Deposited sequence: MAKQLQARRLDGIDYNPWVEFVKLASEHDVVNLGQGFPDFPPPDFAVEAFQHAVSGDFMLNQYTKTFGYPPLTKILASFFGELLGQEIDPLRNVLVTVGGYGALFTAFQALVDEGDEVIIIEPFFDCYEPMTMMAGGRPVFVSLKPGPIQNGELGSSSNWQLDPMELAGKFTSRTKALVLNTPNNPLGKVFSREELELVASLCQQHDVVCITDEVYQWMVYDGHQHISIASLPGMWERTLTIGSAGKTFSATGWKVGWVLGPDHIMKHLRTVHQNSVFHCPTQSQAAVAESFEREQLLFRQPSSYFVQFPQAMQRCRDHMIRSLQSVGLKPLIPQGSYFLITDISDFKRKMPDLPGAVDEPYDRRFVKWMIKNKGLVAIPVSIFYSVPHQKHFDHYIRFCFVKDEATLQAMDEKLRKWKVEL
């Protein structure tokens, strides 16, 4: 009654509980979706230049983005997407990917609109939809029939997905690479989505914040580069998962002017400007990578290699303690199946109707010194029952952290 009704149902963050519990224990924190090592020098220095350079960089820049930034964005991405991008009609700099999604949702979703959300989903898609009046409609990625599983096996059933589409569908949220699962969507997959999107006349909000984090030579493809798609796609990116600098909270949406004009309205009536210097830092950082694009010394070459090693490493460590990793094709993350623990250990302490994985994560923090994340926080509540056996790990960590993980794991193992 004092609060607006749009807040109904979206006030609880299941995250918190656990950060609170992790901090009152000695832990290796693998629930954190960000590096614990420095960003690349070129990028840190880029920031250092922006705050040490032309003094007017401390004052306001342009509303829809700091032009050196929109410039490089439209160029580098226009090339990557295969698309002509006007910085002033097709690019909006936002407060991180979070900002971009929020802007997108507040633009497009209205009382009654349905949004198709693919499980597992980055958790904020559902609240944002709900805050905007929309109705989330869920479809589950479904793992197909080795012990080690693979992200690319998780399947978007063409009949199931076609069925979610109604006359009320405003948008489908497609996040690739997927967090938490790590799925990198295939071309044939994308096309499935593009095709139903094209058919029912529906916007594809597409969150590609993890674009650069790809492994095993799977290749990131943007639905926006598919024939006919640019006219109905909003592509989101984030400097923070680009340059391993999450704290910079700089993101953008790329999209056709007739959609963007609304994302702009929300922007000009919400935050109006993004801060200047960080934008400057990002613009420089992109210039550096575009200059060296594909080159061996380029960050987008070295980094995915480095983190693949981290992935591989974590995958082996966790494997031998009973956890059942699903190899990810990209993202900061891997999930592991814990169903073996559920059979061996069915009755762990927690609330009635609390999903197993949350109970399990809480256990492991207390006793084994390791933080992970209950995958069920990325499912519709109706679906947490059936999907209460995964946990999510972040392998974008320092060697010293992977060592500590190993220590924790070896100590646990004697059991």
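Missing from the model relative to the deposited sequence are positions 1 to 3, 149 to 151, 422 (no C-alpha coordinates, numbering from 1).
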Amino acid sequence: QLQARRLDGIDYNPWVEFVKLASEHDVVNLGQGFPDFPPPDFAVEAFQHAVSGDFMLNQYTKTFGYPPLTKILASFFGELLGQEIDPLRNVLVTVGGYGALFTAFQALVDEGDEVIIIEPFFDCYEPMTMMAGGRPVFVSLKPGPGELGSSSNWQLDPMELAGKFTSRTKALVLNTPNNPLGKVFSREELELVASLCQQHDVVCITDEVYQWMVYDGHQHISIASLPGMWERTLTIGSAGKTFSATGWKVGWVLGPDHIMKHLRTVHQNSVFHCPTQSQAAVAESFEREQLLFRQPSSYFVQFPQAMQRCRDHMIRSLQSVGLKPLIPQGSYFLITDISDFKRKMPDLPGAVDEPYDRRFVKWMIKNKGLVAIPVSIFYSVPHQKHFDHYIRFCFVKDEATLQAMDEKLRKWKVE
From here on, numbers count along this sequence of modelled residues.
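Annotation for 335 to 343 versus 216 to 224: the higher mean temperature factor (C-alpha) is found in 335 to 343. Averaged over their C-alpha atoms, the temperature factors of 316 to 324 and 174 to 182 are higher for 316 to 324.
Of the candidates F64, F378, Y60, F360, it is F360 whose Cα B-factor is highest according to the PDB record. Within the group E147, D207, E119, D257, the record's highest C-alpha temperature factor is found at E147. In this PDB entry, the Cα temperature factor of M130 sits in the bottom third of its chain's modelled residues, the lowest group. In the PDB entry, a CA B factor belonging to the middle third of its chain's modelled residues is recorded for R89.
For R294, the recorded CA B-factor ranks within the highest third of the chain. Only modelled residues enter the ranking. When the CA B factors of the chain's modelled residues are split into thirds, the value for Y98 lands in the lowest one. For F105, the recorded CA B-factor ranks within the lowest third of the chain. Only modelled residues enter the ranking.
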